[PDB]
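Heads up, the thing below is written out as structure tokens.
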Amino acid sequence: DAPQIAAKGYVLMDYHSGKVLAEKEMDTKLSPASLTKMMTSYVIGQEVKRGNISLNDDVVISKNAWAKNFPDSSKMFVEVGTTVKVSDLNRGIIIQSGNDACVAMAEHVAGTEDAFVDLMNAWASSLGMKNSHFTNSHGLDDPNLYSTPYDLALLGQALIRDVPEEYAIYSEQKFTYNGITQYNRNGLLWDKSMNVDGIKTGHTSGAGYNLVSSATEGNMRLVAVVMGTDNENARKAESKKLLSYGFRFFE
Ligand SMILES: O=N[O-]
Ligand SMILES: O=N[O-]
């Protein structure tokens, strides 16, 4: 008896087999918003593993990455004409959810945001995200930027599976850049009763708060996606319920 989850859509997936244990509106399209950053970090993770970029490179911060372009949204607080290290931009993306850092990495990886988006969709396709399409590296709204809870689950799973060095970064609780400290918004990282080590948080303006989470217990690993909860407390509680049910499902 799957429990009731106060969310517009969700999916709970066994990480090992990829089997869906429970779901609601699993394949219905939504605006993923800041969860789009998981795809950005996925592409960055592949580039780092293959050696096309190094964590020690100095990245140019262009006009397009200027903090000035992202008023009202989360930022790492990067400045034009300076350089920032790849590892630092990565954490800005993952921990701080900084849109500025997304654009800077996009450019460092593929020259322009558009080409970076080409790599994002080519990876989405090879991962089996058949109901997803990206238009930018950060998630700000666009009619053609969409995904689904199920696809987002595949993405979370792929992060843990294919880019572990990138995935480890999702359990870091905070990050400081330029004397500005920001916390990882995934509150489940602080829960002592559970071993939640990811993944990413976000908000979709007409729907609500979202969370893509993963946790382990014994030899089990689950990936859960909850979309459209009414507030940050519900985002945590409903994800925790979803996950506990999965741990109990295998019994
Ligand atoms: O802690 N998640 O809102
Ligand atoms: O079969 N152990 O998750």
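Residues in the structure tokens are named by chain (A, B, ... in the order shown) and by number from 1 within that chain; ligands are numbered from 1 in the order shown.
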
Given 6 Å and only C-alpha atoms and all ligand atoms, residues near ligand 1 as a list in words
residues 185, 186, 187, 188, 232, 235 and 236 of chain A

Would you list the contacts of region 56-60 of chain A as a VMD selection string, taking every protein, DNA or RNA residue within 10 Å and counting only C-alpha atoms, but skipping same-chain residues closer than 4 positions in sequence?
chain A and resid 65 79 to 89 104 to 105 107 to 109

Store the residues picked out above in a file with C-alpha atoms, as a PDB file, in the first residue's frame.
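Saved file result.pdb follows:
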ATOM      1  CA  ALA A  65      27.656  34.761 -16.238  1.00  0.00           C
ATOM      2  CA  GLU A  79      32.202  38.711 -11.257  1.00  0.00           C
ATOM      3  CA  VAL A  80      32.907  39.452 -14.926  1.00  0.00           C
ATOM      4  CA  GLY A  81      36.576  39.644 -15.900  1.00  0.00           C
ATOM      5  CA  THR A  82      37.769  37.509 -13.011  1.00  0.00           C
ATOM      6  CA  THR A  83      38.534  33.851 -13.036  1.00  0.00           C
ATOM      7  CA  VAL A  84      37.175  31.118 -10.794  1.00  0.00           C
ATOM      8  CA  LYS A  85      38.329  27.509 -10.463  1.00  0.00           C
ATOM      9  CA  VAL A  86      36.234  24.664 -11.957  1.00  0.00           C
ATOM     10  CA  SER A  87      35.841  22.944  -8.576  1.00  0.00           C
ATOM     11  CA  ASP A  88      34.517  26.145  -7.073  1.00  0.00           C
ATOM     12  CA  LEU A  89      32.045  26.823  -9.869  1.00  0.00           C
ATOM     13  CA  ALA A 104      30.155  30.028 -16.662  1.00  0.00           C
ATOM     14  CA  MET A 105      30.694  26.246 -16.710  1.00  0.00           C
ATOM     15  CA  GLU A 107      30.750  28.317 -21.582  1.00  0.00           C
ATOM     16  CA  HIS A 108      33.987  26.767 -20.296  1.00  0.00           C
ATOM     17  CA  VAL A 109      32.805  23.337 -21.465  1.00  0.00           C
TER      18      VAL A 109
END

Sorted by chain and rising residue number, which residues of chain A lie within 9 Å of ligand 2, and what are their closest atom pairs and distances in Å to one decimal, counting only C-alpha atoms and all ligand atoms, as CSV?
residue,atom,partner,partner_atom_place_in_ligand_line,distance
A:14,CA,ligand 2,3 (O),8.1
A:15,CA,ligand 2,3 (O),8.9
A:16,CA,ligand 2,3 (O),7.4
A:217,CA,ligand 2,3 (O),8.7
A:218,CA,ligand 2,3 (O),7.7
A:219,CA,ligand 2,3 (O),5.0
A:220,CA,ligand 2,3 (O),4.0
A:221,CA,ligand 2,3 (O),6.9
A:247,CA,ligand 2,3 (O),8.5
A:250,CA,ligand 2,3 (O),7.1

Given only C-alpha atoms as the basis, pick out the residue of A:159, A:194, A:102, A:117 nearest to residue 241 (chain A).
A:194

List every residue of region 57-249 of chain A that DSSP, applied to the backbone of this structure, places in strand (DSSP E or B), and write the result as a ChimeraX atom specification.
/A:58-60,83-85,133,146-147,174-177,180-183,195-204,208-217,220-229
